[PDB]
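See below for the structure under consideration.
Number of protein chains: 2
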Amino acid sequence: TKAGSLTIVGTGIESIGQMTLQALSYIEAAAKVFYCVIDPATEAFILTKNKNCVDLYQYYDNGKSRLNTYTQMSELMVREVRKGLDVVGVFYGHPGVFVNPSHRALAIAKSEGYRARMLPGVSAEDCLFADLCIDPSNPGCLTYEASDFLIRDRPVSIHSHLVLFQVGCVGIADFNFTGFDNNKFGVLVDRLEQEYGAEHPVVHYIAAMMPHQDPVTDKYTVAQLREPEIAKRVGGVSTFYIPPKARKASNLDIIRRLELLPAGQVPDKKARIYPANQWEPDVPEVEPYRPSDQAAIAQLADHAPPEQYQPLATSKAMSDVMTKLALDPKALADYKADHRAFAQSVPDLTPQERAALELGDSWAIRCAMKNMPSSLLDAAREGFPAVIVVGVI
Amino acid sequence: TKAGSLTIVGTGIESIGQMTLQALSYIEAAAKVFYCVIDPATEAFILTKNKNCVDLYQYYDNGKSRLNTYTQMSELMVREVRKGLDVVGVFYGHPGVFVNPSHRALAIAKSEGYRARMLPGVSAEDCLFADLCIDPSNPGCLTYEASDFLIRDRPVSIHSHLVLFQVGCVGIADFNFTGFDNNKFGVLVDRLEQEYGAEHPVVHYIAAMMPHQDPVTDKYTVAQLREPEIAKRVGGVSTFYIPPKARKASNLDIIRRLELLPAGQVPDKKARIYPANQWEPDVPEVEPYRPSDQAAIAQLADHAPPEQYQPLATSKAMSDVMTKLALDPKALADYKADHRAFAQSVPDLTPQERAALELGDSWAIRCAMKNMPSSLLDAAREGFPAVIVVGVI
Ligand SMILES: C[S@@+](CC[C@H](N)C(=O)[O-])C[C@H]1O[C@@H](n2cnc3c(N)ncnc32)[C@H](O)[C@@H]1O
Ligand SMILES: C[S@@+](CC[C@H](N)C(=O)[O-])C[C@H]1O[C@@H](n2cnc3c(N)ncnc32)[C@H](O)[C@@H]1O
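Chains as they are written, first to last, in the deposited numbering: chain A, 7 to 388, 397 to 407; chain A', 7 to 388, 397 to 407. A prime marks a further copy of an entry chain.
Pasting the structure below:
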């Protein structure tokens, strides 16, 4: 009911392309846009999409506390919210991943009774998984801010992924336009030596910021980070990935309780699913085409869709309206305000489609857009989407 | 040089809107698309963008090992790569976050000498940060697959965020179209009780999959998860967030070595930056407008952009070409093949813009698109973007 909203969105890391469709649509719909991005092509792109933009980066200054900058950035956004405007804040990457002023501004807006939401974006860590070819699930992921990691002595796990952000400004609370003098970097390297050993790998990671660039994926030993020529390459957009040192064994009690109980030769702790993590030291070669793989592939020739598979069975009118709700914030607001009024004015919907939109229930819409076989609903329960694309062990 | 490529992309979690612009452009450019998504509107959207799509979900079956399904999914993609086609695989969320077949297919493609890349997307964890209003940086984040968490007895940190994926299929290696009988869920709850206590909060999180839905953000005690009516709400798209139990103190030796050495009352371990994590038990109220905040806000009236701030100073022709490189994979390929030939045929570029594109160097492009003040380059070094938007302590 109250006038004014704050939506904070991301641009992703790589220029323009890593912005989500909804981030773009909210930027276009906004009364006022406040942005903090790294690359100028993304900045130029944003300015073509809204006429009323303000660069938040101008609120940094040499020797000025970053906290003071963050309070100001937040306040610039919330001031416009209080005037009754639909405000969009834009931060590079994911706007809530290692970002102070977004969370501050949203919390203030929410506490004062305004609509407040963060839309997720693609983070530097998302880029890291993609470029280093690792999955956080295998074998778990610990993610820290590098100064916090040291100051609070945060735990490492030698059996899991370790990701460290802000390794180029260790112990630095202020700002400089010409970059950080990272002279406490040696304190980080000492901690990494204690935890992993001097010959354990550390990957210096920088995601490509422009579409034609390759990422920096440079493997060094912990010891090599002490070399001045290597240490100087670490800057404000550098992230470290430290791979596990070993594989963790299975817990017998849990094997029993989960009834994985052909316990004899439940694949040995080093019997990896292809592909193995290529950054992990002394990682053995894993066969991609084992006899079991070859047999699975042989079944493709005779494959038919299972009885209980639900083929898409929708219409242009329904796909058009579902697309509009996702890509037009104004249409979404209209729909949310009055499902029935909105649904009844959508042209060319079938009766079922109209009814599904009137209700708004997830299952009714899914039911309108997919043919649910009788085989399924004889077994199925009166949400259950069920799309699980990773299997551990 | 070799014909055939594999690009694996994501759709994000929320229908359509959380797809990145580059994911969309690669889907449109592909010779063949293979997809595995949850919601039918996203499926319908994909089918409007390419004429040659295959749903990978049909390769699941009741009682069929998920590993066999993953081998088949991978093989369907790589077969088309081997024929010399530009293939795009599409997985919901981030396609390398808790996904087996993407990493398998990319690794095989790369080993056989084909172009292979994963484009990052918005994961369920990205959504979690946005919807639960937390930052992984404060106070660090541990992320695990729930079965792996139990089977390998993965460590928790009571001072950091804990995120658990696949809490609805604990110990289950196969599949069923009507969903999982999660009868080993109690084993997870036992572990959470041991680590956190019976009265510690656990947030049941489900990101909205359709644009009009609200997320599920239901806080329960560990003990409440044993209640059958609560346990049954946990399904195949459920993720758990467990907040920290306490704040970790600072390490005196590191305070010394980082020279944060007005050590007396360096803000006490509970002197939080606003806003506090609202899920953390017994979290004190944090003042958003302290005297220091009010003073920072008072400086806004007299603010001018700093000397060393670099205003955007580009052209429509340059912003157009940088946008085209990000949004048109064919143009990007042409540019990467011959920078000079491509640059010289771009209409209306200035000499500097043309020269910057010919080189392709990050700094030359930035220099062409931003006015670098003399004040900056008198101090600055001959990349240093420097955009750091979070400050710990
Ligand atoms: C203030 S934080 C903001 C992170 C951003 N919100 C995100 O979603 O990744 C800055 C830190 O992000 C990481 N980062 C930013 N750009 C990066 C890039 N191109 N490659 C790798 N890491 C990057 C670095 O660790 C950097 O010090
Ligand atoms: C096979 S994984 C795939 C994850 C996906 N690639 C991603 O980027 O998040 C499935 C797990 O993701 C999480 N997940 C999927 N959809 C979700 C949603 N709408 N909300 C919360 N978690 C979700 C759940 O933990 C689920 O068991």
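Don't be surprised by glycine CBs; every beta carbon is placed ideally from N, CA and C.
Would you tell me roughly how many angstroms separate the C-alpha atoms of residue i and residue j, rounded to the nearest one?
i	j	result
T75 of chain A	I303 of chain A	57 Å
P353 of chain A'	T329 of chain A'	14 Å
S153 of chain A'	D196 of chain A'	13 Å
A115 of chain A'	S11 of chain A'	8 Å
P101 of chain A	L198 of chain A'	30 Å
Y32 of chain A	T13 of chain A	8 Å
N144 of chain A'	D141 of chain A	22 Å
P399 of chain A	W369 of chain A	9 Å
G69 of chain A	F186 of chain A	11 Å
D334 of chain A	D92 of chain A	14 Å
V272 of chain A	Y341 of chain A	52 Å
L194 of chain A'	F155 of chain A'	9 Å
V403 of chain A	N106 of chain A'	6 Å
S244 of chain A	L134 of chain A	11 Å
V87 of chain A'	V15 of chain A'	15 Å
For residue i, would you say it is in contact with chain A, using Cβ-to-Cβ distances shorter than 9 Å as the test?
i	result
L112 of chain A'	yes
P353 of chain A'	no
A36 of chain A'	no
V406 of chain A'	yes
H165 of chain A'	yes
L198 of chain A'	no
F246 of chain A'	no
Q358 of chain A'	no
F51 of chain A'	yes
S11 of chain A'	no
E286 of chain A'	no
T223 of chain A'	no
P161 of chain A'	yes
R372 of chain A'	yes
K57 of chain A'	no
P234 of chain A'	no
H218 of chain A'	yes
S380 of chain A'	no
Less than 9 Å between the beta carbons of residue i and residue j, yes or no?
i	j	result
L125 of chain A'	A136 of chain A	yes
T223 of chain A	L138 of chain A	yes
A36 of chain A	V94 of chain A	yes
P379 of chain A'	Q284 of chain A'	no
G99 of chain A	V128 of chain A	yes
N188 of chain A	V240 of chain A	yes
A343 of chain A'	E364 of chain A'	no
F181 of chain A	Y66 of chain A	yes
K55 of chain A'	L30 of chain A'	yes
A277 of chain A	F183 of chain A'	no
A111 of chain A'	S80 of chain A'	yes
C147 of chain A'	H167 of chain A'	yes
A113 of chain A'	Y280 of chain A	yes
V169 of chain A'	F191 of chain A'	no
Say the cut is 8 Å; is the CB of residue i nearer than that to a heavy atom of ligand 4?
i	result
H100 of chain A	In the structure shown, ligand 4 is absent; the only ligands present are ligand 1 and ligand 2.
Any beta carbon of chain A' sitting closer than 9 Å to that of residue i?
i	result
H210 of chain A	no
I157 of chain A	yes
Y202 of chain A	no
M83 of chain A	no
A385 of chain A	yes
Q230 of chain A	no
Between the segment 195-215 of chain A and the segment 247-260 of chain A, are three or more C-beta pairs nearer than 8 Å?
yes
Using Cβ-Cβ distances below 7 Å, what residues of the segment 330-350 of chain A' are close to chain A?
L331, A332, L333, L338, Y341 and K342
Which residues, in order along the segment 253-282 of chain A', keep a beta-carbon less than 8 Å from a beta-carbon of chain A?
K254, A255, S256, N257, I260, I261, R263, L264, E265, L266, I279, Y280 and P281
Three or more C-beta pairs below 8 Å linking the segment 210-224 of chain A' and the segment 41-55 of chain A':
yes
For the pair the segment 229-248 of chain A and the segment 260-275 of chain A, tell me if three or more CB-CB distances fall below 8 Å.
no
Given 8 Å, three or more beta-carbon pairs between the segment 158-167 of chain A and the segment 255-263 of chain A'
yes
Counting pairs of Cβ atoms below 8 Å between the segment 354-368 of chain A' and the segment 318-328 of chain A', do you hit three or more?
yes
Give, in chain order, every residue of the segment 119-142 of chain A whose Cβ lies closer than 7 Å to some Cβ of chain A'.
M124, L125, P126, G127, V128, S129, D132, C133, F135, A136, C139, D141 and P142
Name the residues in the segment 313-326 of chain A whose C-beta lies less than 7 Å from a C-beta of chain A'; which are they?
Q314, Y315, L318, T320 and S325
Residues within the segment 167-190 of chain A' neighbouring chain A, beta-carbon criterion of under 8 Å
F171, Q172, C175, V176, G177, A179, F181, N182, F183, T184, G185, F186 and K190
Could you run through the segment 85-101 of chain A and flag, in chain order, every residue whose CB is less than 7 Å away from some CB of chain A'?
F97, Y98 and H100
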